[PDB]
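These notes concern the structure reproduced below.
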Amino acid sequence: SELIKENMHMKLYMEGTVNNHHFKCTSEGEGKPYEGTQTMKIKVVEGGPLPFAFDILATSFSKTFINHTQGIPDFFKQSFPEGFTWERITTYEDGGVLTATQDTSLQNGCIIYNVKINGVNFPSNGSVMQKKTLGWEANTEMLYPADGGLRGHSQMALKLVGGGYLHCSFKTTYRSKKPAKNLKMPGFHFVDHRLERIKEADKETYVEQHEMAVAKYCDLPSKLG
Amino acid sequence: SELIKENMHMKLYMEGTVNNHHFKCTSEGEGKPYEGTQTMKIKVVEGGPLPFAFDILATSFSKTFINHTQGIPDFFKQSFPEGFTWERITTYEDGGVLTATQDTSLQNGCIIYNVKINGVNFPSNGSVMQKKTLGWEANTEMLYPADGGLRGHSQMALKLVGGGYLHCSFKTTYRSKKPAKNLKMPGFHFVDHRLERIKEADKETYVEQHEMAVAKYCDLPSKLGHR
Amino acid sequence: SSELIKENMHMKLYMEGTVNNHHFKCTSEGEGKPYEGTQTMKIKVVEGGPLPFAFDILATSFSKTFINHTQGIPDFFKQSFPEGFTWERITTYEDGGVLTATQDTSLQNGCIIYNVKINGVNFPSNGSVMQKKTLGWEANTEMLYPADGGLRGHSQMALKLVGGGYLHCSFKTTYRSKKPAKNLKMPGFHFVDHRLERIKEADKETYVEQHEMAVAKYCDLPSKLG
Amino acid sequence: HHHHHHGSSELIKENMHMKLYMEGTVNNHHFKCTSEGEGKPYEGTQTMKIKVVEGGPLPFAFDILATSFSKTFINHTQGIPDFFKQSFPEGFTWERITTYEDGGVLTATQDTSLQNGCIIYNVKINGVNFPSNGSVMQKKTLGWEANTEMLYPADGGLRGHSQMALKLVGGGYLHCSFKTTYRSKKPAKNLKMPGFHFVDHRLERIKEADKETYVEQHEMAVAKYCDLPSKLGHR
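Quick look at the structure:
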C-alpha cells in the first residue's frame, strides 16, 4: 500500500444533529498507519458548546491506522487510492442512538474524512445529556466479510461520574471503493482498540483523542482444524 | 393555534444518506390539519434514482395534520408560531436502520420541513435494496410525555412482493419550541395512521403520498375507569 | 363455527418460572365469554411468594381464546380446537429486563387448560420492577399477520409508574396451531385491541385477579388504495 | 499472603468434575439433557459430554444450546479476582438472553452448586421465535468462532456482554449477542469483586453422534485486561 506512508496526516469535516442540536466539527490529525496509532485534534466550530457528552462522538472521528498482524489482509490500506466508506449505528442501553456515515479519501497525500452524524432519543436525565461521562474503556471489535464489504460488531463501556458504566453496542459496515475482484479480503478476525481522550478545553469544544488499534486472531488455540 | 387554518400548504427540503448513497429531495403538499388528511408531492432532486425502496423514506416526509378526537390536546398545533422538531430511529428486522431528524416551522403562512436522513446497514441483497416492497399497512402509534417532549412508539408492516411482510419499529421524540409552561400536554393516547403511496414515476424519483392520522383513546371499557 | 368453544368457558392454569434467579410457581382459575372477548382470572402464587418483582411483568403470561373477532376476521385460536395451540414470546423492557414465556393451550373435559413456562432475566436491581413502583398497564393495540408457520404478533405496552411516568416494553409473539395449516382459515393482517387490568390484589401480590377485554379488528381509517 | 496455592478458593481443585441437568423449550419443542464433564479450573479448560435424553432428536441446531452447558473453569490472569471460584461453597447463578439477528431468542437461567466435590449445574432454557427458514431451524450451522466477553460489576453481581459469530453451511455467519448477569450466593461483603475486564472464549464441538443427541464440547476461557498501553495509565 505505497500511498500509505509510515507517517500520515488527516483532515476531517463533520456535521450533525444530536436530538435536535445541530453542530459542526473539524479536525487535523497525524498517525503511524502500520503501528496502529494516531492523534486527532478536534474543534467544535458550530453549535458549541454541545449540550451532550462529547464521548458519544469519539468513534466517529479512522480505519487506515490499524496495525494488521498475523498476516490478516488490510481492507482499508488496500482500498487506496480510491478509498472507502463506513456506516454505523450505536445503540445505548438507556435509549439513545447515534448513527454515523463516513467517507474516507486521499487527496494530495492527506487522508480526508467527511462525516455525517444523526443521534436521537438521548434521555434527558441520562449521563450523556447530563454530561456525566468519563471516557471509554478498551474494547475488542469482531469482524468478518458481509454485505459486499466488511462487517464489524462492537460493544463498549462508557465510564460514569460516580462509578459504573453505560453500555452501548454498534454494528458497522465498511465498504471499499475498489471492486471485490481487486481486493484480498480478510476472514473472521478481531481488532483490539483503546480510544482515549488526552486533552480537552472550553467545555469540550476542543478535544484531542488518541487511538491504538491492532487486528489479530483470538489468543486461544483451537482443538479443531 | 389560530395560525393553523383548516387548509394549509407545506414545503420540504431533505438531505441524507442510505448505505453510502447520498441524495436530496424536495416536496410540496397541502392538507386539512384538523381533519387529519394531507397529500405530499415529492421529487428526488439529487442522487436519483435511489438504489433502495423509497418506502423506507415515507415516514420522514408531517405532524400538524392529525385529527385530535376526544379532546386530546394537540401538541403540534399548539406549538406554533415557534414550531417543533422530531427525531426518530426505525429498525428493520433484517438489519437496516433509518435515522431521521426534522425541523418544522411556519413561514409566510406555509409549513416548512427540513429533514436529515441517515440510514445504515440495509442488507445488500434484501427486500429494501432489491426493491421488493409494496407500501405500508396501517398502524397505531402509542404516545405519552417523556424526555421533555412527547414520545411515540410505532410498529409497522411493509408489504413484500409475493405476499409477506417485513417488520420495523421506531421510537420518536417530538419536541416543542414553546416552553412546557405554555403547552397543555396530552396524556397517554394513540394515533392511528394510514400512509399510502398514490402515484409514482421515474424509478421513484417522483412520488405522491397521502396520509390520514387520527388521535384517540382506546374505546374498550375500563374496569378501573381509565381512559 | 367453533362448536367446542361455548358462550361461557372456564380455564385452569399452571405456571412455573424464574425471574433473575428467583423461582416460583402459580396457579389460576378463570372464566370468560370467548365471543365477547372478556375474561377474568384469579391467580395464586403457590411457591416462591412473595415475589421480589412487580407482578405486572407476568400479566400477559396468564388467554387467546377470549378475543371477539369482528369484521369477518378468521379466529386462529377458536378454530384450533380440539387440538389446541401454543404461544411463545419475548418481552423486552427499555431498562434492560427481559421476560420470555412459552405456553401450551389445550381443552380437557370442556375446560381450557394453560401450562406456562417463564424465564425472565437482567431486571435492574434498583429499577421500577424490582422496587415495585409500577401501577399496571395502559391499553394497547397488537399488530398481527401470518409468519413462520403460525400467526405473528407485535406488541408495545406502557407500564404506569408511581409519580405519573411510564416504562416501555415491546414483545414479539408467535402463535402456533396444533391443527395443520390446510385445516385452518388463516387471517391476514389485522389488529387486536387489548385492555389488560388488575381488579384485585392481596398478600403482597400472591393473590391477583386480572380482567382482559380483547377485540380483533381492522384499522378504522379508510384506504385511498385497493 | 495466603500460604498455599489457590488458598483464595480451596474447594476448587486443579481437576474437577461436573454434572448437569437441563430442561427447556425452543419454539415449543420441549427437551431435557444431561451431561458429565471434567476440567482444569485454573487452566481455563474443560470438556463436557452431553446427552439429549428427552425430546430428541431436536429439530433445531444444537449450537444454540452450546453456551448454556460452566464459569468455574476460567483462567484468571493478571490478578483479576475470580468471582466464581470465590463463591464456593455457596455457589452462584447466571441468567442470560441471546438475541440472533434473524429473530430467534434463547433465554437461559442457571444454578451452580458444589455437592460432595462435584460441581452441579441445573439449567432452564426458553427459546422463542426462531424463524422457520433460518439456519437454526434448518440445521444449517457449523459451530462458533472465538469471542471476547466484556465484564464489569452491575446489578449486585457481575455483568457480561458477548457477541458471537455462528458459522453457516455455504459460508458466512449469523450474528448473535447476549447479556448475562452472574450472581454470587455469597454476600457482597465476603467477595472481592473484579473491575472491568475481558474473557476470551473458544467454545468448540469436538464430537457428535446420532443427530446431535450426543455432543462433546470443549471450552477454553481466559480472563485478562486489554494488552494495549494506555495514555491515561488505565488497565
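Residue numbers (the entry's author numbering), protein chains in the order written: chain C, 2 to 62, 66 to 229; chain D, 2 to 62, 66 to 231; chain A, 1 to 62, 66 to 229; chain B, -6 to 62, 66 to 231. No residue lacks a Cβ here, since even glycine has one placed at the ideal position from N, Cα and C.
| query | Less than 7 Å separating the beta-carbons of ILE5 (chain A) and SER28 (chain A)? | reply | For the purposes of this step, residue 5 (chain A) is taken as residue 5 along the third sequence, with counting starting at 1. For the purposes of this step, residue 28 (chain A) is taken as residue 28 along the third sequence, with counting starting at 1. No. Outside cutoff.
| Under 9 Å (Cβ pairs) to chain A, residues found in the stretch 128 to 154 of chain D | Along the stretch 128 to 154 of chain D, the positions whose C-beta sits under 9 Å from a C-beta of chain A are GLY139, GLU141, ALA142, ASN143, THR144, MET146, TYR148, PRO149, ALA150, read in chain order.
| request: Could you tell me the distance, in whole angstroms, from the CA atom of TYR169 (chain A) to the CA atom of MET11 (chain B)? | output: Along the third sequence, one-based indexing puts residue 169 (chain A) at 166. Along the fourth sequence, one-based indexing puts residue 11 (chain B) at 18. Roughly 45 Å between the two C-alpha positions.
| message | Would you say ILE115 (chain A) lies against chain B (beta-carbon separation less than 7 Å)? | response | On the third sequence, position 112 is the one that residue 115 (chain A) refers to. So no, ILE115 (chain A) is outside the interface.
| Proximal residues of chain C, C-beta to C-beta of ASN125 (chain D) below 9 Å | Here the question's residue 125 (chain D) lines up with position 121 in the second sequence. Here the neighbours are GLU91, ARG92, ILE93, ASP151, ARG155, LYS175, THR176, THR177.
| said: Please report whether the beta-carbon of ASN71 (chain A) lies at a distance below 7 Å from any beta-carbon of chain B. | reply: Here residue 71 (chain A) refers to the residue found at position 68 when the third sequence is read from its first residue. With its beta carbon at least 7 Å from every one in chain B, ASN71 (chain A) lies outside the interface.
| query | Pick from D:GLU7, D:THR94, D:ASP206, D:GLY153: whose alpha carbon is nearest that of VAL19 (chain D)? | reply | Reading the second sequence from its first residue, position 18 is the one you call residue 19 (chain D). Nearest of D:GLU7, D:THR94, D:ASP206, D:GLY153 to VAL19 (chain D), Cα basis: D:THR94.
| query | When you compare each of A:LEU228, A:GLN159, A:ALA205 to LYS203 (chain D) by their alpha carbons, which one comes out closest? | reply | What you label residue 203 (chain D) is simply residue 199 of the second sequence in a count that begins at 1. Taking only the C-alpha atoms, the option nearest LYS203 (chain D) is A:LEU228.
| What is the rounded straight-line gap between the Cα of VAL132 (chain A) and the Cα of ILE116 (chain A)? | Taking the first residue of the third sequence as position 1, residue 132 (chain A) is located at position 129. Taking the first residue of the third sequence as position 1, residue 116 (chain A) is located at position 113. Roughly 29 Å separates the two Cα atoms.
| said: Let me check understanding here. Comparing Cα to Cα, which of D:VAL124, D:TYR96, D:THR68, D:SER109 lies closest to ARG155 (chain C)? | reply: The count along the first sequence starts at 1 and reaches residue 155 (chain C) at position 151. Nearest option by C-alpha distance: D:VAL124.
| request: Check whether the Cβ of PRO149 (chain D) sits closer than 6 Å to any heavy atom of the ligand GDP, and report yes or no. | output: By its list of ligands, the structure shown contains no ligand whatsoever, and the ligand GDP lies outside what it can speak to.
| What residue does the alpha helix (DSSP H) around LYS81 (chain D) start on, and which one ends it? | If you number the second sequence from 1, residue 81 (chain D) lands on position 77. Here the alpha helix (DSSP H) through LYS81 (chain D) covers 79 to 82.
| query | Along the stretch 10 to 27 of chain A, what residues have a CB closer than 8 Å to any CB found in chain B? | reply | Correct list: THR18, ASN20, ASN21.
| query | Who pairs with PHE174 (chain A) in a beta bridge, going by DSSP? | reply | Within the third sequence, residue 174 (chain A) is the residue found at index 171, counting from 1. Paired residues: A:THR94, A:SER158.
| query | Between B:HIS22, B:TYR210, B:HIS193, which lies nearest to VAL45 (chain B) when the distance is taken from Cα to Cα? | reply | Mapped onto the fourth sequence, residue 45 (chain B) falls at position 52. Ranking the options by Cα distance to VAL45 (chain B), first place goes to B:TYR210.
| request: Using a Cβ cut-off of 7 Å (strictly closer), state whether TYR96 (chain B) contacts chain C. | output: Along the fourth sequence, read from residue 1 onward, the residue named residue 96 (chain B) stands at position 100. Not one chain C Cβ lies under 7 Å of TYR96 (chain B).
| So, is the C-beta of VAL101 (chain B) closer than 7 Å to a C-beta in chain A? | The sequence position of residue 101 (chain B) within the fourth sequence is 105, counting from 1. Interface residue, yes.
| request: Quick one: residues in its chain with C-beta nearer than 6 Å to the C-beta of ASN71 (chain D), no 5 flanking neighbours on either side, listed in chain order? | output: In the second sequence, counting from the first residue as 1, residue 71 (chain D) sits at position 67. Taken in chain order, the residues that qualify are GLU36, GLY37, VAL218.
| said: Which residues does DSSP list as the beta-bridge partners of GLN134 (chain C)? | reply: As a working note, residue 134 (chain C) is residue 130 in the first sequence. DSSP, once it has assigned bridges, lists no residue as partnering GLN134 (chain C).
| Close-in-space but distant-in-sequence residues of the same chain around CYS114 (chain B) (CB under 7 Å, 5 per side omitted) | Locating residue 114 (chain B) in the fourth sequence gives position 118, counting from the first residue. Closer than 7 Å at the Cβ level, and outside the excluded window around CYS114 (chain B), lie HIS10, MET11, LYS12.
| Can the beta-carbon of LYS220 (chain A) be found closer than 7 Å to that of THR73 (chain A)? | Within the third sequence, numbered from 1, the residue matching residue 220 (chain A) stands at position 217. Within the third sequence, numbered from 1, the residue matching residue 73 (chain A) stands at position 70. A contact, by the Cβ cut-off of 7 Å.
| task | Kindly say whether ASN118 (chain C), judged by its beta-carbon, lies nearer than 7 Å to any beta-carbon of chain D. | result | One-based indexing of the first sequence puts residue 118 (chain C) at position 114. By this cut-off, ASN118 (chain C) is not an interface position.
| Under 7 Å, do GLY99 (chain D) and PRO52 (chain D) count as touching if we go by C-beta distance? | Here residue 99 (chain D) is taken as the residue at index 95 of the second sequence, counted from 1. Here residue 52 (chain D) is taken as the residue at index 51 of the second sequence, counted from 1. Taking 7 Å as the Cβ cut-off, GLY99 (chain D) and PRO52 (chain D) do not qualify as a contacting pair.
| Cβ of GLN159 (chain B) within 7 Å of any chain C Cβ | In the fourth sequence, the residue the question calls residue 159 (chain B) occupies position 163. Chain C, which has a Cβ nearer than 7 Å to the Cβ of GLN159 (chain B), makes this yes.
| said: Can you tell me whether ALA54 (chain A) is buried or exposed? The criterion is at least 16 other CB atoms within 10 Å of its CB, across all chains shown. | reply: In the third sequence, the residue the question calls residue 54 (chain A) occupies position 54. Classification of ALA54 (chain A): buried, given that the 10 Å Cβ count is 16 or more.
| field | Local Cβ density within 10 Å of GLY30 (chain C), reported as buried at 16 or more and exposed below that | value | Working through the first sequence from its first residue, we reach residue 30 (chain C) at position 29. It counts as buried.
| request: May I ask you to report which of helix, strand or coil DSSP gives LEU147 (chain B)? | output: On the fourth sequence, residue 147 (chain B) is found 151 positions in, with the first residue counted as 1. Of the three classes helix, strand and coil, the one that applies to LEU147 (chain B) here is strand, per DSSP.
| task | Name the one or two DSSP bridge partners that residue 240 (chain D) has. | result | An answer regarding residue 240 (chain D) cannot be provided, because it is not within the stretch 2 to 231 covered by chain D.
| Hey, is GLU200 (chain D)'s beta-carbon within less than 7 Å of any beta-carbon in chain A? | Along the second sequence, read from residue 1 onward, the residue named residue 200 (chain D) stands at position 196. By this cut-off, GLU200 (chain D) is an interface position.
| Beta-carbon contacts of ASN143 (chain D) that lie in its chain and below 7 Å, excluding the five residues immediately before and after | By one-based count along the second sequence, residue 143 (chain D) stands at place 139. Within the same chain, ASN143 (chain D) has close Cβ partners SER158, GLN159, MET160, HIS197.
| query | For a contact meaning CB atoms closer than 8 Å, what does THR105 (chain C) contact in chain D? | reply | The residue you call residue 105 (chain C) lines up with position 101 of the first sequence. Ordered by position in chain D, the residues that pass the 8 Å Cβ test against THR105 (chain C) are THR18, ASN21, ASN122, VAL124.
| said: For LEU224 (chain A), would you say it is in contact with chain D, using Cβ-to-Cβ distances shorter than 7 Å as the test? | reply: Within the third sequence, numbered from 1, the residue matching residue 224 (chain A) stands at position 221. Cβ-Cβ to chain D under 7 Å: yes for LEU224 (chain A).
| To the nearest whole angstrom, what separates the beta carbons of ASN122 (chain D) and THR103 (chain D), a pair I think is in contact under 8 Å? | Taking the second sequence and counting its residues from 1, the one referred to as residue 122 (chain D) is at position 118. Taking the second sequence and counting its residues from 1, the one referred to as residue 103 (chain D) is at position 99. Their Cβ separation, rounded to whole angstroms, is 5 Å, which keeps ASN122 (chain D) and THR103 (chain D) in contact under 8 Å.
| task | Apply the 10 Å Cβ neighbour rule to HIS214 (chain A) and answer buried if 16 or more other Cβ atoms are within range, or exposed otherwise. | result | Taking the first residue of the third sequence as position 1, residue 214 (chain A) is located at position 211. Answer is buried; the Cβ neighbour count reaches 16.
| message | Taking the straight line between their C-alpha atoms, what separation do you get for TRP140 (chain D) and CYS26 (chain A)? | response | Numbered from 1 along the second sequence, position 136 holds the residue referred to as residue 140 (chain D). Numbered from 1 along the third sequence, position 26 holds the residue referred to as residue 26 (chain A). Each residue's Cα considered, the two are about 41 Å apart.
| query | Do you know how far the Cα of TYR148 (chain C) is from the Cα of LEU138 (chain C)? | reply | The residue you call residue 138 (chain C) lines up with position 134 of the first sequence. The residue you call residue 148 (chain C) lines up with position 144 of the first sequence. Answer to the nearest angstrom: the Cα atoms are 31 Å apart.
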